[PDB]
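Proteins come first, then strands; the chains are lettered A, B, ... in the order of their sequence lines, and each starts at number 1. Ligands are counted one by one from 1 in listed order, and the atoms in each one are counted from 1 as well. Note that these values count all heavy atoms, side chains included, but never hydrogens, waters or copies made by symmetry.
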Protein chains: 2
Amino acid sequence: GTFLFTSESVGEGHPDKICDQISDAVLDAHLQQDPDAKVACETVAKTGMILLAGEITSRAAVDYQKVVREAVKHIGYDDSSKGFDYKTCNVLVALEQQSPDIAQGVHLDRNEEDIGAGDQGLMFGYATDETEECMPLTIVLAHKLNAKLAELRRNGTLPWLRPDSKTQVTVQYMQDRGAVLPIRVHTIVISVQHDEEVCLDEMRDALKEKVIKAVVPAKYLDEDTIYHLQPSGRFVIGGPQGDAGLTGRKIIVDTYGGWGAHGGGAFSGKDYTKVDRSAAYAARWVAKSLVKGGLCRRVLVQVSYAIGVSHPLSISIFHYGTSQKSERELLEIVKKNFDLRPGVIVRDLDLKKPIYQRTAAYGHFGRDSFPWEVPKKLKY
Amino acid sequence: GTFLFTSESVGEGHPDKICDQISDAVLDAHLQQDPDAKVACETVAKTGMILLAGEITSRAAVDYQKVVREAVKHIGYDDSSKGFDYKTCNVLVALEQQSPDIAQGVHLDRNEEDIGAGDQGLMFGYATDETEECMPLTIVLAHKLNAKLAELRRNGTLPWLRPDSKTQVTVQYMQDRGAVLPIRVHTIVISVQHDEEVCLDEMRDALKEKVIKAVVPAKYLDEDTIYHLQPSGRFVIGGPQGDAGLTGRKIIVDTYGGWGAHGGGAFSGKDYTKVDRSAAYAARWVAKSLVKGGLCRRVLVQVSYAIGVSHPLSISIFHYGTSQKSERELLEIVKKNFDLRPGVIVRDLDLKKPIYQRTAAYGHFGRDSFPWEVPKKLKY
Ligand SMILES: CSC[C@H]1O[C@@H](n2cnc3c(N)ncnc32)[C@H](O)[C@@H]1O
Ligand SMILES: CSC[C@H]1O[C@@H](n2cnc3c(N)ncnc32)[C@H](O)[C@@H]1O
Ligand SMILES: [K+]
Ligand SMILES: [K+]
Ligand SMILES: [Mg+2]
Ligand SMILES: [Mg+2]
Ligand code: NA
Ligand code: NA
Ligand code: NA
Ligand code: NA
């Protein structure tokens, strides 16, 4: 009756995550001045380079040099010895206006509530009662391991740490009438960029004692748990120098860690009219509302859109057998309680607010009581 | 008992797909000369620009200008009137060697069969008996609609078509003891870039009569089917000019269209040591082998790895209730019949062969009898 499931997370300095954070720093900078900015900002990172490419139509005056460099500073890349330095790297900009053909078909001369979806696409939300925050334990633990690394880097207790990290957690679960129950941690991987001086044994001991034991409850760890700590043996070169980064290349880290499903679209760098983001946030909100409302223990929600059309083309509910109500009944409850037009989601979830950089590391869900994490009280 | 499910596909000229195809053209060019090339080539596209960024260590001598421009030519962007021209666009290259720290931890001085995984990560394979090729009908139809557009563009019967397109198909299904049975097509979306002269009514009529009816069996279409054809109303600006493209931004189009699951890693531009690709191909091979072997009607396979470690850290089988055998029994069959070390997968699936550009549009699975699509006969 038991099975394994694995999820990963990455740190703030993983090169793809750098790009997500920069893209959302750009979005936030625009929204601070123009709440209706149309933003589709992709970021690419390689040795010494941040490139911004995409489409922005906005009344804001944004200093891209400053915004990019401040984001990199916050992440911690502040010296050539670390492989990347916000003070001295190249920032290149290839940004144009939003296509007028898109604008006319999506939002021009439309009532805000009746704005069209900014694109076609499909999106999923997911929730599971296995944690209070309604997220899979595998990814929660993986994120917290990366957060702990950043904490110990920033507080100076492990000064050999650098910002680029990856973690991976395999949990053994039991099945429980469609719900899942975590039993134990089967395997943990941690890889983190480090300075030239620290030895492998010092790092592996610190990762076990000061990172894993600080994060993972002892009840989940036992004599059989497998640890792969600095498994490559050496990780001095890191950040964009070690591996090119791009926005939207961590979409499973950003969401459910392999659980649930994904429609494919990236979140970062996009304003609310891009339903890839807003409708995925709304679908999470629906899923979490169903679980916290006691209607089911685990649920997957699909929605889809066509460019220029406000109402979703399809809505689907999959409850894994964890409700007394049928999926059809849950779908009817959802349709009676939620309006998933993007021009309504923006109001319900306050999606013109410049909080997006905060979403761009450690997952978009299960944290911080963002609006999509506050369940809606359902009438049925 | 019925539900809706939606999947999308994109055409060869969608800007993200352009990048996937270029990344895999670069990979193939290296593999033609050096079967052991280490390749991690990301591509970015915006108005007038293809940028290559990443890491390649190879004995090949590759003319990146030629390889990139030939790929864009094949896609069909050959004139400024179409928004992009292989003859005149900018090709910029930011390629460095593979990090020596990665190389030493993954493959240097290792027996090929015992090469480490090139990264940590998780990967999924999926198969469903609802089509002969063991793929979801929603995405099969979505891909075929894009292929039909390209066919009618290239044969001159719809000369107003351009290469950038997106499609989306919503199917109504019945549940059948964990398997799924397609009933009818509920909604179809098609958006395709077009010339300045053709009118909306001509396009919508052609898309219904010459594209949809040519692709979708009439038995699935009825008076209730909803058609969103050129729903934005105008799509003259397209390709990278309309929307920036990046490699690895169509990972759900590349795989199962929202069905199954995804571990997050992109395929294109990566040689076999990157388990994001090779282990996902192997997991598809496992899933399809289980379904074609009669052991189940629908199955999801998870595998995961740590950088530098050859054997997977976890393997999991989820059969949706579609087998008489337990998931544990299927897992034991898989473990007895498959060796999922990357240095064995490469031999079984012939992954040094330069066929990767062929995988980079219309999905990596369900087509062309690639090695991962030829089931393994299972002993149990
Ligand atoms: C293996 S390259 C993909 C990711 O793995 C990490 N990485 C880079 N170099 C190493 C290394 N030497 N050892 C382990 N992980 C690494 C970085 O987070 C990078 O973005
Ligand atoms: C809306 S931008 C995202 C994708 O949608 C497509 N697209 C671009 N412009 C339009 C348009 N005017 N109408 C419909 N789809 C478009 C292109 O495939 C692009 O990559
Ligand atoms: K990369
Ligand atoms: K884009
Ligand atoms: Mg990456
Ligand atoms: Mg895209
Ligand atoms: Na274990
Ligand atoms: Na819509
Ligand atoms: Na319909
Ligand atoms: Na491994």
For atom 2 (S) of ligand 1, which protein heavy atom lies nearest, and how many Å away is it?
B:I102 CD1, 3.5 Å
Closer than 4.0 Å to some heavy atom of A:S232 - which atoms of ligand 1 meet that?
11 (C), 12 (N), 13 (N), 14 (C)
Between the side chain of A:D101 and the main-chain N/O of B:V236, is any donor-acceptor distance below 3.5 Å?
yes
Under 3.5 Å, is there a donor-acceptor pair between the side chain of A:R249 and the main chain of B:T247?
yes
B:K82, NZ atom: more than 12 neighbouring heavy atoms under 6.0 Å
yes
Taking N, O or S atoms only and a limit of 3.4 Å, check whether B:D16 reaches the K ion (ligand 4).
no
Examine ligand 1 and decide if any of its atoms is less than 4.0 Å from a heavy atom belonging to B:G118.
yes
In the protein, which heavy atom is nearest to atom 19 (C) of ligand 1, and how far is it?
A:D243 OD2, 3.3 Å
Can you tell me if, anywhere in B:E42, an N/O/S atom lies at a distance from the Mg ion (ligand 5) that is smaller than 2.8 Å?
no
With A:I212, the side-chain contact (heavy atoms from CB on, under 4.5 Å) member among A:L145, A:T167, A:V169:
A:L145
Around B:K352, counting heavy atoms of other residues, nucleotides and ligands shown, do more than 12 lie under 6.0 Å from its NZ?
yes
Take every heavy atom of A:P15, measure it against each atom of ligand 1, and state whether any distance is under 4.0 Å.
yes
